[PDB]
Structure formats: C-alpha cells, structure tokens
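Everything on this sheet refers to the single structure shown next.
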Amino acid sequence: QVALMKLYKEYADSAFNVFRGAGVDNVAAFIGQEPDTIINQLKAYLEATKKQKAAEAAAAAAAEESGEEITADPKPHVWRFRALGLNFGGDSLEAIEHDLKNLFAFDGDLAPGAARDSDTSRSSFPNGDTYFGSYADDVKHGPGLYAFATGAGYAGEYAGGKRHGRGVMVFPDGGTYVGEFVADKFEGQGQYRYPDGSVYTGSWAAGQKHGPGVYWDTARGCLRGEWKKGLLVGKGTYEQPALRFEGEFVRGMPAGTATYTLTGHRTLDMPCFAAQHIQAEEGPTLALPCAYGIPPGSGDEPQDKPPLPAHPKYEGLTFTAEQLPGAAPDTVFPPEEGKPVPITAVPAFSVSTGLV
Amino acid sequence: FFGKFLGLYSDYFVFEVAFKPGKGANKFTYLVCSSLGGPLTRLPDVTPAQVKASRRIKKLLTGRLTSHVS
Amino acid sequence: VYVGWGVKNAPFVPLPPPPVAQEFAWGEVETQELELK
C-alpha cells in the first residue's frame, strides 16, 4: 500500500559534480589517479566553497541594507527526477519513516528491505555534506568520495561507515594528508602537509603522530625522533646545515641529556691558524655534551604546577654545559634519514663545498 | 669614538658620525676600519628584524665584513 | 667607550628546535551517516 516518484535538487557544489570534473570512468579510477591531482581537484572544490560562501554573505548583507528580502535558493543547482517505483507494506507514512528517509536522502539502488547496497550512490546529510561512492551493508564501504559543508574533502577508501585504508584528504585550513586511515582518523604511514609549508612524513595512531617520523619544518630543518600521542618524546635529533642536536625530549620540549655537534662554516675559506689543519683529512667539527632543564612541577602528564616553556619566551627553560667540547666526525646536510626532501629551498652543506 | 671590537682574523675600530632613516636608532652613522688610518667603510642602517635576530645568538666576529653569521 | 668582543653577559640558552604544527580538529571533520534499521 504505497507508491513512488521523486524530484529533487542537485547543487553544483556536491561530491558528484566534483567527480564529473575529472575525465575518468568511475570512482575506482578517481581515487586511483595521482595523489597530487586529487589534491588539486579537492583544493579547487575548497576554493569554490569559499567563493560561494562569500558571495552569499555579500548578497545577503546588500539585500538587507535596503530593507528587502530574497526568498530564493542562493545556491546554483539543477532539478532532477528519480525513476523509482517501490511498494511498502506500512499503511501510514510513519510506518515507513525509515525507508522514506532513504528515498529522500540515499538516492541510490534502494529496496523495501534494509541494507542499502550500491556500487555507485550519492547520499546527502542534514548538515550539507555529500557522499558519492560505493555502499555495502547499510553503511559506506569501498571506494568513495566525500565533500563536507565547510569545504573539506576526502577521496580514499571506506569501511564500516568511516575512512579506512588508503586515502587523500584536504582540510579547510589548507592542510592535506596522503596516507592511511583507521576508523575515521589517521593511522599507519602518512604524509601531512601543513598550511605553513612544513611536512610530517611518518607514523600515526588515533589521529595523531605516534611512532617514528620525519618532520621538515618551515625553518628548513628536519626533526626526527619517535612521537607519542602527538609530542616528540624520548631521544630525538634535530638538524640544520652545520648543526645537529641529539637529546632527550619531554612533551616535545628538550629536557635532559643532549649533545650539540657544530661545524664552523663561517671560516671554511679563511686561512687556517695551524699548518696541521691545512692538510688534515678531518674537518673543523666539535661536539659538546650538555643538558636542558625544565621547571620541576611541569613535565608531568595532565589528567597547581608550573607551566611548560611556551614558544616565544621559553620561560623556565635552562641550559647547562660545564665540560669541554671534543672533536667529532664532520656533518652533512640534508641527512639521508630524511630524503626524499618534501619541501623546497633546503640548502646543502658539507665541508668540501660549504653552504649551498 | 665608539670603541673596538675584537675578532678572530682582524679587529674593528668604530667611529660614530652625525652628517650635518635619520632618527630613532639610525640617528648616527658608523664607520669601521681594521687599522687606524686605513680605508673606512660605512655600515648599513639597522633594522629591528636583525636586532631581534642577533639578540638570540652569540657569535665571535671574524674580522671580515662579507662573512656569513648563522 | 666600549672595548671588547661584543658578547653579552647573560645566561645563554641556545634556541630549541622550532614548534611543530598541529592538525585540524577532528570534532568538526567527521563522517556523517543515515539512520540504521
């Protein structure tokens, strides 16, 4: 005792339209193309979302300044008809309250039974997000594509209704991720590119850095180590052309024993003071044991006490060195533990070449 | 006469002149020489960026002006 | 007058490695879903 015929709007800013912008066959070829291409497409989507938001705000303000209204849909769209005929044993509309919603929302291969399943389907949500991809057993599964209302996007694999497996993601701040997901968060190998230009290539767990990774920062220096719950903890090395710092880290802050290895680059071409150094096959590198220090109460793990040393001032951070330095093997930059370099404008340092 | 700065390969005698951008900390101009009576060299004007950036390091001068710093 | 090396007389703390950037908040980027049977 039911019938079926449906008409709807399909806005130009939705996952399906983002898909059609690519000259590929299916979703399995969309998420299969080069990652940087997917990044470009999702960034284009983000820019489109921002432009639409700005235009809507401006038009609303302008129409309100005259004291007048709009009473129209401010978003570009197209109308469509869905050729669907379904029968529902439920007598009143409320008895089909579930399946009705699917009709209003799912827009894929439906059925009077449960377990929405389709190799290609385009669903929409009450917040404005839109999904285009494969379904399996009432939830998202397989290759998919997601467009958030805020302009964030995702083109990877799904499982259990959440991101799972290989994936590429772009966030509204401009930060991107290419790697592996587990249950809607980062997990395993992943490369994240931050809005500042710093790249973290490493291991994640529960959506934060965890395990060994390499972090190239805006200052063009690579920080290695082993993060744990987001913060670099334990033995960590930091590198710059003629510098290397190997030391303990407590909640990302250095604290404890360390070793500074520095080369004298300023005077590599000025004449030497001793004729022993002129022909010696060892460079002018030093090495100093040292230690950093943190207020006592801090350094614990939250669940008063003095605060940690913040970035600009590092108030409370102390440094003690009271031994002599000693000779050391010459350093090179960048360290091969960091290649391939994921940013640009990184110099190259040695002793037979100096700074380049 | 401002003073003398000791370097590794040479030194800096520093004179502060007034010349008959031009205020704040650039009111004066500074000429340096390696030896008294040698050819002088005018130092550039100071910018708050490089003041703030030198306030974070601690270096010995090399006595050569066209040398890197950090 | 000033005669010297140019070095200040203060406790010197070398600059730590610069901060690491955080990521976007997950509470505002999360997959939605339709109702279950």
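We name chains A, B, ... following the order of the structure tokens; residues begin at 1 in each chain, and ligands are numbered from 1 as shown.
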Write down as number ranges by chain the residues of segment 83-154 of chain A whose backbone DSSP state falls under alpha helix (DSSP H).
A: 97-105
Please, could you write that set of residues out with N, CA and C atoms as a PDB file, in the first residue's frame?
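Output saved as again25.pdb:
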```pdb
ATOM      1  N   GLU A  97       8.740   5.388   8.048  1.00  0.00           N
ATOM      2  CA  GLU A  97       9.559   6.541   8.410  1.00  0.00           C
ATOM      3  C   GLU A  97      11.030   6.319   8.100  1.00  0.00           C
ATOM      4  N   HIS A  98      11.517   5.093   8.277  1.00  0.00           N
ATOM      5  CA  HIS A  98      12.899   4.803   7.923  1.00  0.00           C
ATOM      6  C   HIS A  98      13.105   4.899   6.418  1.00  0.00           C
ATOM      7  N   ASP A  99      12.416   4.046   5.655  1.00  0.00           N
ATOM      8  CA  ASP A  99      12.695   3.953   4.224  1.00  0.00           C
ATOM      9  C   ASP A  99      12.400   5.266   3.520  1.00  0.00           C
ATOM     10  N   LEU A 100      11.337   5.958   3.941  1.00  0.00           N
ATOM     11  CA  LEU A 100      11.064   7.296   3.430  1.00  0.00           C
ATOM     12  C   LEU A 100      12.322   8.148   3.444  1.00  0.00           C
ATOM     13  N   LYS A 101      12.987   8.213   4.599  1.00  0.00           N
ATOM     14  CA  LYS A 101      14.211   8.994   4.708  1.00  0.00           C
ATOM     15  C   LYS A 101      15.212   8.589   3.639  1.00  0.00           C
ATOM     16  N   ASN A 102      15.414   7.281   3.462  1.00  0.00           N
ATOM     17  CA  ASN A 102      16.322   6.815   2.421  1.00  0.00           C
ATOM     18  C   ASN A 102      15.908   7.356   1.062  1.00  0.00           C
ATOM     19  N   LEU A 103      14.615   7.252   0.739  1.00  0.00           N
ATOM     20  CA  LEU A 103      14.111   7.829  -0.501  1.00  0.00           C
ATOM     21  C   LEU A 103      14.461   9.303  -0.591  1.00  0.00           C
ATOM     22  N   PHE A 104      14.264  10.037   0.503  1.00  0.00           N
ATOM     23  CA  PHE A 104      14.574  11.459   0.496  1.00  0.00           C
ATOM     24  C   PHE A 104      16.073  11.708   0.429  1.00  0.00           C
ATOM     25  N   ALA A 105      16.884  10.763   0.896  1.00  0.00           N
ATOM     26  CA  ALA A 105      18.295  11.042   1.122  1.00  0.00           C
ATOM     27  C   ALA A 105      19.230  10.160   0.313  1.00  0.00           C
TER      28      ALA A 105
END
```
Mind listing as a ChimeraX atom specification which residues of chain A are within 9 Å of chain C, counting only C-alpha atoms?
/A:98-99,101-102,105-106,114-115,123-125,127,129,138-140,146,148,150,152,161-163,171-173,175,184-185,192,194-196,198,207-208,215,217-219,221,223,230-231,238-239,245,252-254,292,311,314,317-320
Sorted by chain and rising residue number, list the residues of chain B at most 10 Å from chain C (counting only C-alpha atoms), each with its closest atom pair and distance in Å to one decimal, as CSV.
```
residue,atom,partner,partner_atom,distance
B:1,CA,C:1,CA,7.3
B:2,CA,C:1,CA,5.7
B:3,CA,C:2,CA,4.5
B:4,CA,C:3,CA,4.7
B:5,CA,C:5,CA,5.2
B:6,CA,C:5,CA,4.8
B:7,CA,C:5,CA,6.9
B:8,CA,C:5,CA,9.7
B:11,CA,C:5,CA,9.4
B:12,CA,C:5,CA,10.0
B:13,CA,C:3,CA,9.5
B:14,CA,C:2,CA,9.8
B:55,CA,C:8,CA,9.4
B:56,CA,C:15,CA,7.5
B:57,CA,C:14,CA,7.5
B:58,CA,C:7,CA,6.4
B:59,CA,C:7,CA,7.2
B:60,CA,C:5,CA,6.9
B:61,CA,C:5,CA,7.6
```
Would you write out those residues with N, CA and C atoms, as an mmCIF file, in the first residue's frame?
```cif
data_model
loop_
_atom_site.group_PDB
_atom_site.id
_atom_site.type_symbol
_atom_site.label_atom_id
_atom_site.label_comp_id
_atom_site.auth_asym_id
_atom_site.auth_seq_id
_atom_site.Cartn_x
_atom_site.Cartn_y
_atom_site.Cartn_z
ATOM 1 N N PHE B 1 84.356 58.371 19.075
ATOM 2 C CA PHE B 1 84.937 57.038 19.028
ATOM 3 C C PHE B 1 84.084 56.112 19.877
ATOM 4 N N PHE B 2 83.483 55.106 19.241
ATOM 5 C CA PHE B 2 82.595 54.202 19.958
ATOM 6 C C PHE B 2 83.391 53.172 20.747
ATOM 7 N N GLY B 3 84.341 52.526 20.091
ATOM 8 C CA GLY B 3 85.178 51.560 20.764
ATOM 9 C C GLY B 3 85.842 50.643 19.758
ATOM 10 N N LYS B 4 86.232 49.482 20.252
ATOM 11 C CA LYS B 4 86.905 48.480 19.447
ATOM 12 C C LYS B 4 86.298 47.112 19.703
ATOM 13 N N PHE B 5 86.081 46.376 18.620
ATOM 14 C CA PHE B 5 85.572 45.016 18.658
ATOM 15 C C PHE B 5 86.685 44.076 18.238
ATOM 16 N N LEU B 6 86.926 43.050 19.037
ATOM 17 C CA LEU B 6 87.979 42.092 18.744
ATOM 18 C C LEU B 6 87.414 40.949 17.915
ATOM 19 N N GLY B 7 88.115 40.595 16.849
ATOM 20 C CA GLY B 7 87.683 39.498 16.011
ATOM 21 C C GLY B 7 88.695 38.379 15.956
ATOM 22 N N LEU B 8 88.470 37.396 15.088
ATOM 23 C CA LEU B 8 89.382 36.264 15.011
ATOM 24 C C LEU B 8 90.568 36.572 14.111
ATOM 25 N N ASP B 11 90.326 43.159 13.568
ATOM 26 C CA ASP B 11 89.557 43.898 14.556
ATOM 27 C C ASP B 11 88.800 45.035 13.883
ATOM 28 N N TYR B 12 87.986 45.731 14.671
ATOM 29 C CA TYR B 12 87.128 46.800 14.170
ATOM 30 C C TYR B 12 87.271 48.026 15.056
ATOM 31 N N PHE B 13 87.841 49.094 14.511
ATOM 32 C CA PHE B 13 87.746 50.412 15.116
ATOM 33 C C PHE B 13 86.505 51.095 14.568
ATOM 34 N N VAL B 14 85.702 51.675 15.455
ATOM 35 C CA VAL B 14 84.363 52.141 15.118
ATOM 36 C C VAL B 14 84.222 53.609 15.500
ATOM 37 N N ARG B 55 69.750 39.288 18.809
ATOM 38 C CA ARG B 55 69.524 39.140 20.236
ATOM 39 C C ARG B 55 69.369 37.688 20.662
ATOM 40 N N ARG B 56 69.252 36.757 19.719
ATOM 41 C CA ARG B 56 69.052 35.350 20.031
ATOM 42 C C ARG B 56 70.301 34.504 19.855
ATOM 43 N N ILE B 57 71.386 35.069 19.340
ATOM 44 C CA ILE B 57 72.593 34.289 19.108
ATOM 45 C C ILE B 57 73.745 34.898 19.887
ATOM 46 N N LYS B 58 74.920 34.291 19.771
ATOM 47 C CA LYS B 58 76.106 34.747 20.487
ATOM 48 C C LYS B 58 77.302 34.301 19.658
ATOM 49 N N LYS B 59 77.896 35.229 18.921
ATOM 50 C CA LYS B 59 78.925 34.881 17.958
ATOM 51 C C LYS B 59 80.166 35.730 18.170
ATOM 52 N N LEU B 60 81.299 35.182 17.751
ATOM 53 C CA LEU B 60 82.545 35.923 17.662
ATOM 54 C C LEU B 60 82.671 36.480 16.258
ATOM 55 N N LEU B 61 83.047 37.747 16.156
ATOM 56 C CA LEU B 61 83.255 38.346 14.850
ATOM 57 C C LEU B 61 84.488 37.745 14.204
#
```
Write out as an MDAnalysis selection string all residues of segment 95-197 of chain A that DSSP puts in strand (DSSP E) for this structure's backbone.
chainID A and resid 118:124 130:136 139:140 142:143 146:147 153:154 157:159 162:170 176:182 186:193
Rows by chain and residue number, chain A within 9 Å of chain B, shortest pair, only C-alpha atoms, as a tab-separated table:
```
residue	atom	partner	partner_atom	distance
A:265	CA	B:68	CA	8.1
A:266	CA	B:68	CA	5.6
A:267	CA	B:62	CA	7.6
A:270	CA	B:9	CA	8.7
```
What gap, in Å, lies between atom CA of residue 40 of chain A and atom CA of residue 347 of chain A?
27.5 Å
